[PDB]
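Below is one structure, written out as structure tokens; comments come after it.
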RNA sequence: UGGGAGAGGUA
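Residue numbers (the entry's author numbering), protein chains in the order written: chain D, 692 to 789; chain F, 90 to 112; chain C, 3 to 1342.
Here it is as structure tokens:
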């Protein structure tokens, strides 16, 4: 729900226009342009940047009860960062092994 | 007991143990 | 604020107060070596512990024995700088009084016969420097601490490694410090087993029978008895009600007149409650209930003496009939279950093929030493020396602690050997784990892994050398006589030196120290490795141990590790982490008491912090009291949840507690994704120190801590005023309150100038204090390589812009302005040493001389008359630094003239040019030459000139320090005599030699004058003694390698500018390569005409999620705007009042920031010095997870009259037009990494080849060719480029008669090859033929 | 001459 709200607000907030009326159009936010053009980025990374970081997992493959409710614009606390380091180091070992 | 060994110094020390010391 | 901290105050944005300051960052290595090398009365550590663990030692007869008394360490023969120059290890000699007493075995006890003792020299041990390093063979090394499993007992099960049943197999493991192992384990048939040293399995009662426990005592130890009572052919049984748990009653339990359970009825807890409230004890049982049980007692017949039934056997109808006719009317069988008290030990005794202690010892011998006939004394001695001997097994007082803690015992002490009750308790606990009570151990816990460090490892290697020397001296004193032997001649001094030098030179944890910057040194010294001797192995380890455990919090950093194959195996210590006395990691915590968060700081290990409940660091407080909310966020048992304010037990001491040092130097770390934060923390250690260091505008506050604790600066030892500042010497007159009454009160700080580091960088110290300024104790006087005013400074502040620029920042690339290159911002000095050693061939010696055959006069234009280059010569690539010619006879001949020396005649003359040349593409001046000649021969004129230069330099240095100390002592003499009596002019007109003999009668000042006169006398005595010692030390020769005449060591100095190809990086993992150095008219510029310095691509931000890059850019823009306003006021030369007001207004801007910088206590010259240091930007401390927010950043930007969105309008420098969208412009801290394209660029046409394969060599050092590997061969095969592939395989490679043809064909303008057979294929054919296998090519 | 180990690092 917060990812859908973030995508809508980022996608169509550019409304203040003229010459027919004030009307909705596609937003010229640069993060959204880099995502929507397929240049560099995707909606999951835009969700981590602006919406919610999401549910992280324990190293035994189990999802934790509480998720990281912060994002990288607001910054994480120490517990959320230590929770994210498990998946970070797991993926960085899996790249070498693969 | 012969059999499950491969160390040659162990085989030497096993096969030399048949003889007895002298007075 | 101190008078050196008022010079540049970093504006801290932190909110939480520092209750505990960051400790000494190098306490681990220094404390470990101090514990190893110090002397201790009873808490034995290190050398005394080993010298008591191996001494005293008698003979086999006891005629004599050697005793240890005491050890001491002499002064090292060379200093640190002299070992680093001469290329020798920095060590101190070990001298120990070894007392040899002689008994008289001809006498009953003739204890006193001959007593000998002397200081026996037992090897040399390498001393540790003041920074934590070991100088070994002229190179500085670092012993990385190790993380291994603790000794003790660990219970763990595999997670179903037999899918035929899906069962889990619980097992134990008794790991000692030294000695054999022991592995109790289960099987899928629930039969226990034993593996000693992971060998073949034996049934787990063989060890019990070897411990002199028969089957009776085994069944009593591992079972309890359901005792039966048969009277007159009706069976009754003594029943306790706590034995019927969840089974279908095949028989009905009775009472005197009460019936409880029915047919086919499962027993319930309600019926158990019924039975315990009716309280019957004796219940009649039918016949079929006993048929199925296992008797726990052998029953001999009293009449015939025949064993009618043994223990551990299944009963039957005829067996119970036999018992009833024999008359044992009270039979005893063991209690068993199928879900809670399993029949394990009975089944192991049934599968056990031995029945006696001696047969069990024989079976243990046949498992340990297979293929050997056992005997009684050898089997008994082997089983005793397995675990129950003090000199072949050891838990070493931490395994005993973990042993008693794992078995839930009380006493944390005891012996190091195993025992009967210990093995019995391990088997009982493993049976309990199998039955359900208790869980397995977590092997990745930091309560199970300990820190083994340099002092412990050096004690272990000293103990190995000690037991070797002990065995040699034991056979010596057993063999030889006793009248003419001494401890000095009977103790060999070779193997202890061999052991400690093998360790300290070529262990796996004795590592070549990274010293690019101070951060690399401090991180290499604070490193933890899971590999090493007795640790893990790199290719043989998986994701189970490379993960971040929840016990790593505050002990091991999760975001500083390599990203290669060493990722979970090499770790970094956290900032506040310490060790136990046993070696387990612990972290501090603040203790709360009824909500009041006190200053009670407790260091808790990982096993204690799971019991408590510890609040997070980011939870608010009031008046350092309660929590402002009632439901704070905490962590218990590894998981995190909410807890009440009175439930809480502890709280974290800081917000940088989790991260390491290099991950704490990253500002806005909480906005960076952990991948890029890991990469940035790693890349911070690869930064090369530049020409002029520059403090970061956005820092953290750990900068000063790293720059002082790294030992790379020159801090003041005592507070006082500064008397003389050169560029190489700082003299400080100490204040009187910090002065000892016997000394002169003068401190000399000699600085290191242009010393090559381990990574061929520059190390030079520059004085940061001025003449006459006061310093306090702990004040930075000289900066380091990459420090600045005592702050760590790894890169430069670059005005950055985030926009795409014509593809010149395409995929992580960097476009760089020209002001960066003209202003020498990333210009690094790279000192580099080249040695020319004149060896001793058997055709004569190789001569270092001025004449060189077949060179012009453009080569000898820089040489001296002796063949050596001048100090200061601007040489370039290919020039000759020191000419060396071989004797009459060459060493390897070129094939262009090898045929001409064959068919015409090798002249046995016309010597080879073998000169030390500068490598190609390498310019640079020559800054130092050093000639080490062999001791015995006359040296040379240039070597003699260098030696006279060193002589007059040492004399000038010692006389200058003597004059400075004499001036300090004479000023103290005139001060104390002026304080004593009124003698002012009569001492000024008297010469300074007549200052120590005159005065008045004896008082305290007269005793002070007398002791300072004796201080002056011993000062000049030690002056002339040290001068003669230095003179003989520099006139004596150097004992070089055998076969070496002399070595000439030339030191270049290259100054390297940036260029396209150089890797540049920021602190957030934002790396990349300079693609183009643009002109400043081409760079984009703002409305004031200031062009940006570096153009970065914004497409590297969204998919990598390192937003701390952007926030550091915004905060650096705000910082430079504040510095620009201060610079505008200083250029207008306004006032001091408006400057004080604006600087105070900039310092008070945070929301609830902790620091209060008040400028009303400041003077006017202090505010002017502060503004002169602030005119280039205001430095800002942004702590990790405690940083500035967007509101603070935007308020600072609104203070500096800057756009609050951090985005200004930029214009194109070429078209003049405006960019359409506003571009992010600010100041980011960019580092120059040590991957320089001058060091990576390498091409080869044709060079030298390997001996066996006849293929080209490999490397820029030896001019090698690039490997065309198997994958590249597959690429050419997939194209179909058969001729290209064939010429890679033959004529660019091992075709010796084809590649010369190809070279001459190319010179003749004919692009055609004639390939043949590869010489490596001929090598392979010869090796398969040498393997006894006839392989041959077949001529059709 | 130029080999083999060990350690570290880059993509």
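For every residue, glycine included, the Cβ atom is placed at its ideal position computed from N, Cα and C.
Can you tell me whether residue i is buried or exposed? The criterion is at least 16 other CB atoms within 10 Å of its CB, across all chains shown.
i: residue 840 of chain C; result: buried
i: residue 346 of chain C; result: buried
i: residue 872 of chain C; result: exposed
i: residue 777 of chain D; result: buried
i: residue 935 of chain C; result: buried
i: residue 365 of chain C; result: buried
i: residue 2 of chain C; result: Residue numbering for chain C in the displayed model covers 3 to 1342; residue 2 of chain C lies beyond these limits and cannot be assessed.
i: residue 1321 of chain C; result: buried
i: residue 807 of chain C; result: buried
i: residue 716 of chain C; result: buried
Got a sec? Which residues, its chain only, sit under 7 Å from residue i by beta carbon, not counting five neighbours each side?
i: residue 273 of chain C; result: 262, 263
i: residue 1149 of chain C; result: 13, 1159
i: residue 696 of chain C; result: 790, 795, 798, 799
Apart from the five residues on each side of it in sequence, which residues of its chain come closer than 8 Å, Cβ to Cβ, to residue i?
i: residue 1078 of chain C; result: 810, 817, 818, 1062
i: residue 398 of chain C; result: 153, 178, 179, 180, 418
i: residue 758 of chain D; result: 743, 744, 745, 746, 747
i: residue 382 of chain C; result: 363
i: residue 58 of chain C; result: 67, 68, 69, 70
i: residue 1103 of chain C; result: 804, 1109, 1111, 1112
i: residue 1237 of chain C; result: 688, 1064, 1065
i: residue 615 of chain C; result: 636, 637, 638, 645, 649, 650, 651, 652
Residue i bridges to which residues according to DSSP?
i: residue 1354 of chain C; result: Missing from the structure shown is residue 1354 of chain C; chain C here goes from 3 to 1342 and no further.
i: residue 173 of chain C; result: C:158, C:187
i: residue 1350 of chain C; result: Not covered by the structure: residue 1350 of chain C. The range shown for chain C is 3 to 1342.
i: residue 1073 of chain C; result: C:1067
i: residue 915 of chain C; result: C:887
For the beta strand (DSSP E) that residue i lies in, which residues bound it at each end?
i: residue 126 of chain C; result: 117–128
i: residue 727 of chain C; result: 722–727
i: residue 770 of chain C; result: Residue 770 of chain C -> no beta strand (DSSP E), and no H or E assigned at all.
i: residue 817 of chain C; result: 816–818
i: residue 736 of chain C; result: 731–736
Which residues bound the alpha helix (DSSP H) around residue i?
i: residue 1131 of chain C; result: 1110–1134
i: residue 897 of chain C; result: 897–905
i: residue 35 of chain C; result: 29–39
i: residue 1303 of chain C; result: 1298–1309
i: residue 559 of chain C; result: Segment: none, residue 559 of chain C is in no alpha helix (DSSP H) and carries neither H nor E.
Whose C-beta lies closer than 6 Å to the C-beta of residue i among residues of the same chain, with five residues either side of it excluded?
i: residue 348 of chain C; result: 296, 314
Can at least three beta-carbon pairs, one atom from the segment 784–804 of chain C and one from the segment 1048–1057 of chain C, be found at a separation below 8 Å?
The segment 784–804 of chain C vs the segment 1048–1057 of chain C: no contact.
Inter-stretch contact at 8 Å, needing at least 3 Cβ pairs: the segment 85–98 of chain C / the segment 144–162 of chain C
no
Touch test, the segment 568–580 of chain C against the segment 526–544 of chain C, Cβ-Cβ under 8 Å, three pairs minimum
yes
With three or more beta-carbon pairs closer than 8 Å as the criterion, would you say the segment 650–669 of chain C touches the segment 19–37 of chain C?
yes
So, do the segment 868–885 of chain C and the segment 895–909 of chain C have three or more beta carbon pairs nearer to each other than 8 Å?
no
Is it the case that the segment 704–723 of chain C contacts the segment 580–588 of chain C, given that we only count it when at least three CB pairs across the two stretches are under 8 Å?
no
Determine, using beta-carbon pairs with one atom in the segment 846–859 of chain C and one in the segment 886–896 of chain C, whether at least three such pairs fall under 8 Å.
yes
Per the contact definition of three or more C-beta pairs closer than 8 Å, is the segment 185–197 of chain C in contact with the segment 456–475 of chain C?
no
Contact the segment 663–676 of chain C vs the segment 30–50 of chain C: 3+ CB pairs below 8 Å:
no
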